[PDB]
Amino acid sequence: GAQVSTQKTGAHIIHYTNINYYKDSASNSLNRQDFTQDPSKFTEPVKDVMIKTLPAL
Amino acid sequence: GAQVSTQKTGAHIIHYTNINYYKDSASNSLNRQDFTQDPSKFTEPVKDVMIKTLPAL
Amino acid sequence: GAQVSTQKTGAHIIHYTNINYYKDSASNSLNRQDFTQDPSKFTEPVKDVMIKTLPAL
Amino acid sequence: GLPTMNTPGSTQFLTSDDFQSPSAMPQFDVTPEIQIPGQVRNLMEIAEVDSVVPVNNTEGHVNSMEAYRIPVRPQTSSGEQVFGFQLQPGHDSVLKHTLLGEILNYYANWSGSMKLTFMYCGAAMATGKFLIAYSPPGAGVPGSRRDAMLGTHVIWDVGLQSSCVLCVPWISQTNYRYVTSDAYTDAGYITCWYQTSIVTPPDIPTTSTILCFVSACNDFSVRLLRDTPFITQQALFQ
Amino acid sequence: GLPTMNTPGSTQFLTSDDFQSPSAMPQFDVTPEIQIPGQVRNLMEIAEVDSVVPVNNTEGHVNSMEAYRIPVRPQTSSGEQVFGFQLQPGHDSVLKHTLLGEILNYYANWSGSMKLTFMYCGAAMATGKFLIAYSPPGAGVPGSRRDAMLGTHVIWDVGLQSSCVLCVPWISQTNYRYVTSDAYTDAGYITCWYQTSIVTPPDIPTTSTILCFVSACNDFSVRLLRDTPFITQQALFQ
Amino acid sequence: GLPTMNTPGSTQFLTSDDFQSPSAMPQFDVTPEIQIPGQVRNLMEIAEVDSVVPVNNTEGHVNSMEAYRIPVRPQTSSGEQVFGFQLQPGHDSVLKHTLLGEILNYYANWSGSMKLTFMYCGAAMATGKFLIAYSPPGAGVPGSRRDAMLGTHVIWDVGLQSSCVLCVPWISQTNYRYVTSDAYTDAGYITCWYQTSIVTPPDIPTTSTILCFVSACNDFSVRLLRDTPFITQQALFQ
Amino acid sequence: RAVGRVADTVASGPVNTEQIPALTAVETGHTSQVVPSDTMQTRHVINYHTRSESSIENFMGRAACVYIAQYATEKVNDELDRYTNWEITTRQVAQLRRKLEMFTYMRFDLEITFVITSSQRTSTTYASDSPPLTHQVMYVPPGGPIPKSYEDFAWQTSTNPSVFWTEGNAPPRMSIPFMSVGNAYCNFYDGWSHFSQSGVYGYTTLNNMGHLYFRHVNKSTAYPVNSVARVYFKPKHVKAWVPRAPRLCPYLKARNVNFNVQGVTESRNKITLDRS
Amino acid sequence: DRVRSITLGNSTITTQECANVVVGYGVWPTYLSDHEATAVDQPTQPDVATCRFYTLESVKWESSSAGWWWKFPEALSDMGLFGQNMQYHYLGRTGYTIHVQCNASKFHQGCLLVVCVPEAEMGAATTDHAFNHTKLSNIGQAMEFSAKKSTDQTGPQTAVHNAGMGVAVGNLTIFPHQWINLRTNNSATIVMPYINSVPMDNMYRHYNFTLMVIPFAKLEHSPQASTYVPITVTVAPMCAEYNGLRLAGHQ
Ligand SMILES: CCCCCCCCCCCCC/C=C/[C@H](O)[C@H](N)CO
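If you read the sequences in order, they're chains F, G, P, B, C, U, X and Z. Take the first sequence: its letter number 39 is residue 119 in the numbering used here, and every next letter is one higher. Take the second sequence: its letter number 57 is residue 137 in the numbering used here, and every next letter is one higher. Take the third sequence: its letter number 53 is residue 133 in the numbering used here, and every next letter is one higher. Take the fourth sequence: its letter number 38 is residue 48 in the numbering used here, and every next letter is one higher. Take the fifth sequence: its letter number 130 is residue 140 in the numbering used here, and every next letter is one higher. Take the sixth sequence: its letter number 130 is residue 140 in the numbering used here, and every next letter is one higher. Take the seventh sequence: its letter number 65 is residue 220 in the numbering used here, and every next letter is one higher. Take the eighth sequence: its letter number 64 is residue 69 in the numbering used here, and every next letter is one higher.
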């Protein structure tokens with residue numbers, strides 16, 4: 081039940097092991113490595129699509 | 081002798097590992113995840129079956 | 081995710097195990113066993129090659 | 011040795027822990043268990059059993075069997091009220107020492123539907139109809155039988171089957187209500203009214219008796235264990 | 011037992027740790043999550059939304075809606091300046107309480123391009139051209155419209171589309187600038203100038219209004235979390 | 011828990027340890043490295059570069075460029091000595107502030123062959139021969155050119171190639187010598203003598219100049235890191 | 156390209172087009188998606204930057220002090236009593252409160268860590284010899300029997316979760332799951348507690364998290380000792396919805412959002428820049 | 006394009022200069038799912054007698070106008086059978102189509118922000134004092150901001166640059182918004198979904214969202230033009246459903 085995952089490294093021996101010790105999922109560590117996002121709920125929440133090159137009106 | 085089991089999580093990385101260290105079963109941890117039940121010993125302990133829709137007498 | 085590597089021994093049971101515990105690569109230990117080198121950037125940084133046996137001028 | 015490091019929380023006693031510990035009696039031969047009848051694997055098996063409710067608990071009546079006896083009688087006009095209480099199954103004085111109410115006071119959250127059973131304990135020659143109503147908590151208490159006919163209700167015809175069940179549904183905006191009451195998680199009111207009357211032949215006593223039973227339905231659940239505010243002690247019992 | 015040895019750092023509280031710890035409520039049944047709209051998974055979704063900039067913040071104007079209203083009018087000669095501020099999106103007084111500026115004050119490093127949007131809020135019969143310029147920080151402030159035409163700039167023609175976007179590019183020697191400003195990571199200046207004038211027909215007010223909006227581009231990133239120097243307290247709030 | 015036991019050495023700070031430790035900045039995005047020229051992966055790349063030796067360091071000459079200028083001149087008789095120093099590349103005053111000598115003072119043991127390069131900086135019309143000799147440390151210092159011709163030596167003919175290399179071989183009974191000198195690991199002597207003379211045409215200055223360079227060979231190695239006895243401080247630099 | 160990595164910019168040349176990416180309309184509610192490649196000539200840059208530090212888990216996952224609890228081994232008054240309590244809230248400190256109030260609804264698990272420290276009270280003498288102090292931090296769920304004094308029966312903690320800690324060791328730490336009776340923790344509640352629109356206005360009616368009682372389980376000391384326990388909340392497994400505007404004004408109370416009126420930003424003397 | 010027609014029930018909105026439609030957080034309103042419900046009784050869904058357009062009273066826009074706010078669903082407490090269903094039910098749930106409309110001329114100038122703020126919890130004008138609910142919102146009356154601070158002993162803090170919430174008024178553009186710029190824009194329509202942390206709620210003790218209308222560029226014109234411009238708000242509920250039938254409330 082060991083989860084070997086990728087460590088946070090830079091860009092131009094890179095793995096860590098995790099064992100879960102407790103029977104509750106609230107006892108687990110933080111989910112540091114989850115970087116998913118979609119900003120279209122806030123920046124472009126209009127009904128008809130608005131292409132950049134075309135005039136807005 | 082590792083027992084990988086399912087952690088307690090909610091509803092809409094979820095496993096834990098356990099090693100037993102001692103030679104007595106009374107040394108073990110609690111059985112937290114056993115939710116079996118049958119309440120018909122107390123709520124309906126009559127000899128003849130009683131269907132809900134039918135009259136009781 | 082165990083990396084078994086060669087221990088530093090002399091010349092005339094020689095291995096160690098490493099587990100990474102943390103999610104950041106800056107949390108790792110030192111890279112002690114990296115002895116690569118190339119001194120030609122400093123000792124012989126000339127454009128035309130200079131053979132030892134031949135005259136330099 | 012193996013290089014280790016100690017996290018926060020070392021050398022503590024958290025009383026709701028789950029850790030292994032060595033045995034003081036090693037290789038102790040425990041006696042074999044047998045089939046004893048009535049095994050309990052859950053406190054929700056206990057809470058799903060009927061338990062008679064002291065609706066008549068206006069003291070001095072709590073120090074006798076008069077607390078369980080809801081009185082009814084023949085009426086001069088119809089539509090009067092028989093009884094009424096708030097639906098607080100862990101906080102209201104009518105329901106908090108019942109068998110469902112005592113389990114809920116070990117917990118802080120409750121959820122699910124409930125069953126109020128009623129039992130007419132009058133003479134077999136006496137007839138009657140009743141309206142038992144549940145009101146969601148928004149408008150206030152119902153003031154009449156006209157106010158009570160607008161919510162969840164049932165009309166009970168007293169006949170050969172002496173009992174009727176008003177099922178109190180779970181109509182809430184949260185998934186859990188609190189056992190100790192507050193205004194955010196208020197659950198409403200239970201009232202009972204004369205639908206018609208009690209009509210008897212001659213040579214029969216006037217006042218009859220209705221018994222109210224509470225139990226939990228099969229979607230009932232509890233949460234967040236706590237200490238009950240019912241037992242106290244100032245010193246160790248010697 | 012297993013032979014162990016304790017490294018430096020045992021029995022410490024590092025507040026940015028990541029360790030497991032036992033539960034005080036074991037087997038607690040957490041309520042199911044539902045679809046709530048507007049979920050945020052990153053603070054860069056918040057910073058990429060337009061937020062109107064108080065360019066007119068010369069007090070007393072900050073205590074009213076006059077702080078957001080950049081005034082323009084018909085001119086006697088052309089090429090005069092409308093406004094100007096330093097491009098310090100976490101330190102300059104014009105940009106540090108905007109919605110992009112408030113996220114950056116939780117961080118110490120920022121990187122990426124920005125979008126300055128402008129919005130002409132005058133009458134539909136009034137026309138105009140404007141030059142909005144960005145200057146890299148080497149030479150100093152531009153002194154005229156001739157000095158500003160040498161850097162990154164855009165000429166905006168006020169017409170049926172009321173808005174124009176000046177895109178401020180990331181022209182830096184480092185991959186990150188600092189949020190609290192210094193001279194090593196200076197980012198430059200933003201100025202606006204009259205390209206032509208405001209020309210109106212009769213029976214129209216003289217002064218018009220331009221609104222400036224800031225947001226981040228899709229290559230924007232922040233780094234090195236810190237406390238913000240904006241909220242303070244001398245005691246616990248009771 | 012898992013039964014453990016603590017060995018000697020727990021809760022200590024050994025400054026040359028190698029242990030993991032948690033991060034104060036979790037998930038910090040480090041900037042990408044680029045190709046910078048001149049990367050150093052070993053201090054033996056630095057020590058294998060020539061560095062001019064102050065052989066003429068008789069004060070007052072160390073406070074000027076006269077320390078590097080070994081003087082030669084036409085002679086009245088041949089076989090006289092030009093210079094001489096002990097081969098202690100980390101302890102002798104001639105070699106311990108050179109670029110090879112400064113790396114060795116961080117270490118306690120050194121091993122390998124060395125290269126002494128010489129450079130005649132006189133006029134192109136002046137000729138000359140020289141004998142540069144290395145003596146193993148058993149007999150003492152050579153007293154003449156006859157005493158020096160018995161050890162490892164080279165005769166250098168000054169011509170179109172201005173430089174000659176005396177290679178000092180590793181002739182030792184141990185695999186390592188000590189950087190701070192002692193009598194058990196003595197390495198010997200370096201001397202230079204007039205093989206013939208300096209012969210010049212007329213209208214040429216008498217005294218010429220020879221520059222001595224030191225570097226390490228490709229079998230050179232160092233061992234046992236230490237603090238250098240060259241930098242000191244009595245208080246913290248404010 | 157990996158998840159969380161920013162976009163590259165593409166090489167763009169000169170244009171003379173009928174396309175107008177610079178001209179837009181703010182009136183539509185739309186934030187324009189203009190890249191620097193659209194309004195000027197750019198080069199091809201391979202951007203390797205990541206949005207790691209800006210995640211909701213990374214922005215929130217640092218422990219912040221939420222309460223300072225004081226109690227002594229000898230009562231002065233009921234503020235420096237033998238025991239003390241704290242209604243669990245996140246609004247008494249300003250640093251964590253401003254970070255949580257950037258969202259309307261959140262849903263997280265907690266880590267509570269205590270930094271308990273003692274100090275000898277000012278006296279005419281201090282020369283004593285005392286055994287190490289041990290503390291109890293009992294959690295009482297909403298509606299349970301609270302300690303009415305020291306030596307109380309309610310500290311028997313048969314069903315309440317307790318922790319015990321002797322001074323000198325590592326700080327105590329436990330994990331708390333998501334505890335709301337709804338589907339999210341409400342940072343804001345625009346409403347009342349009673350149906351007649353009266354009673355308590357605000358988020359106070361949606362915060363029934365219970366109390367946290369502190370004491371010394373040692374019976375006595377030779378000379379009185381004052382303790383201070385700092386409570387540290389670190390949220391983990393964080394979800395968040397409906398991002399709020401950041402707060403301008405400082406806080407005044409813990410149960411309100413009441414403020415004093417302040418300007419929108421700091422000032423300057425003129426709207427232009429005047430050098431060369 | 007600039008034309009748009011919105012039909013809900015027996016009511017139609019036509020607009021000849023429309024900017025666009027802002028849809029919430031990208032979510033269209035819908036009925037509650039079976040895997041998200043809590044109450045067990047059958048809901049009632051009056052599809053056309055409630056999900057129709059209800060127009061409010063106009064407000065006069067002046068040069069010295071600071072702004073107005075409406076709190077919902079309490080703004081429609083008496084609007085037909087939407088108001089009759091609130092009184093008879095404990096729980097309710099709905100999304101909205103807010104349509105704000107204001108035309109002036111090609112010779113006027115001004116700009117209005119139209120934000121929909123979920124849980125716009127307002128502070129008190131006089132602090133250390135709880136305020137009355139009729140100062141927060143009357144039944145359909147437009148509660149209005151002020152240019153300077155309020156010293157009302159039982160009212161909200163109506164200074165408009167702090168927006169009643171202690172925040173900067175310029176940062177309200179993360180909430181679902183449009184702008185009515187009189188140069189180009191005639192109306193502004195926002196479709197809001199149901200935003201709450203619970204699947205249904207009581208529609209009297211809780212203001213789910215607040216509609217604010219704020220002049221950022223103030224109204225100015227020639228004195229010989231029309232000196233009266235009104236601002237009308239037309240709101241349609243969407244997918245409204247109810248639970249917990251009892252007597253008429255609402256105490
Ligand atoms: C002595 C053992 C102590 C055990 C500690 C248990 C206390 C924690 C239980 C309640 C947790 C409440 C978490 C608080 C969340 C915030 O109030 C929300 N952000 C606002 O609703």
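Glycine included, each C-beta is placed from N, C-alpha and C at the ideal position.
Asked, Found
"Short Cβ contact (8 Å threshold) for residue 334 (chain X) with residue 315 (chain X)", "no"
"Validate contact between the segment 43-60 of chain C and the segment 121-130 of chain F using beta carbons, cut 8 Å, 3 pairs", "yes"
"Closer than 8 Å to chain Z by CB, residue 208 (chain C)", "no"
"Start-to-end residues for the alpha helix (DSSP H) that takes in residue 140 (chain Z)", "138-141"
"As assigned by DSSP and simplified to three states, the class of residue 118 (chain Z)", "strand"
"Cross-chain neighbours of residue 62 (chain C) in chain Z, by beta carbon under 8 Å", "175, 178 and 221"
"Residue 163 (chain Z) vs residue 130 (chain Z) beta-carbon contact at 8 Å", "yes"
"Near ligand 1: residue 342 (chain X) beta-carbon under 7 Å from a heavy atom", "yes"
"Any non-hydrogen atom of ligand 1 within 7 Å of residue 194 (chain Z) CB", "no"
"For residue 257 (chain B): DSSP bridge partner residues", "Shown here, chain B extends from 11 to 248; a query on residue 257 (chain B) therefore has no answer."
"Cutoff 8 Å: residue 109 (chain C) Cβ touching any chain F Cβ", "no"
"Limits of the alpha helix (DSSP H) - the one that residue 155 (chain B) falls within", "155-158"
"CB-CB length for residue 164 (chain U) against residue 176 (chain U), believed under 8 Å", "5 Å"
"Ordered list of beta strand (DSSP E) runs contained in the segment 152-240 of chain Z, each at least 3 residues", "182-186, 192-197 and 214-225"
"Proximity below 8 Å, CB of residue 222 (chain Z) to CB of residue 50 (chain Z)", "no"
"Chain C contact residues for residue 182 (chain X), given Cβ-Cβ distances below 9 Å", "129, 172 and 173"
"Any C-beta of chain C under 8 Å from that of residue 121 (chain U)", "no"
"Below-8 Å beta-carbon distance, residue 49 (chain U) vs any chain F residue", "no"
"Cβ-Cβ distance between residue 319 (chain X) and residue 23 (chain B) below 8 Å", "yes"
"Local conformation of residue 257 (chain X) per DSSP, three classes", "coil"
"Contacting positions in the segment 240-259 of chain X - beta carbon closer than 9 Å to chain B", "none"
"CB contact check: residue 26 (chain C) to chain B, cutoff 8 Å", "no"
"Short CB-CB distance (under 8 Å) between residue 91 (chain B) and chain G", "no"
"Neighbour flag for residue 33 (chain C) against chain A, beta carbons, 8 Å", "The structure shown contains no chain A; the protein chains it does contain are F, G, P, B, C, U, X and Z."
"Per DSSP, the bridge partner or partners of residue 96 (chain C)", "C:199"
"Cutoff 8 Å: residue 121 (chain P) Cβ touching any chain U Cβ", "yes"
"Residue 365 (chain X) beta carbon near ligand 1 (any heavy atom closer than 7 Å)", "yes"
"Inter-residue Cα distance where the pair is residue 110 (chain U) and residue 42 (chain U)", "33 Å"
"Span of the alpha helix (DSSP H) around residue 194 (chain X)", "191-194"
"Residue 84 (chain G) - partner residues in DSSP beta bridges", "G:97"
"CB contact below 8 Å: residue 183 (chain B) versus chain Z", "yes"
"At least 3 beta-carbon pairs within less than 8 Å: the segment 291-307 of chain X vs the segment 366-375 of chain X", "yes"
"Proximity test, residue 360 (chain X) beta-carbon vs ligand 1 heavy atom, cut-off 7 Å", "no"
"Straight-line Cα distance separating residue 45 (chain U) from residue 107 (chain U)", "32 Å"
"Per-residue contacts from residue 210 (chain X) into chain F (C-beta, under 7 Å)", "114 and 115"
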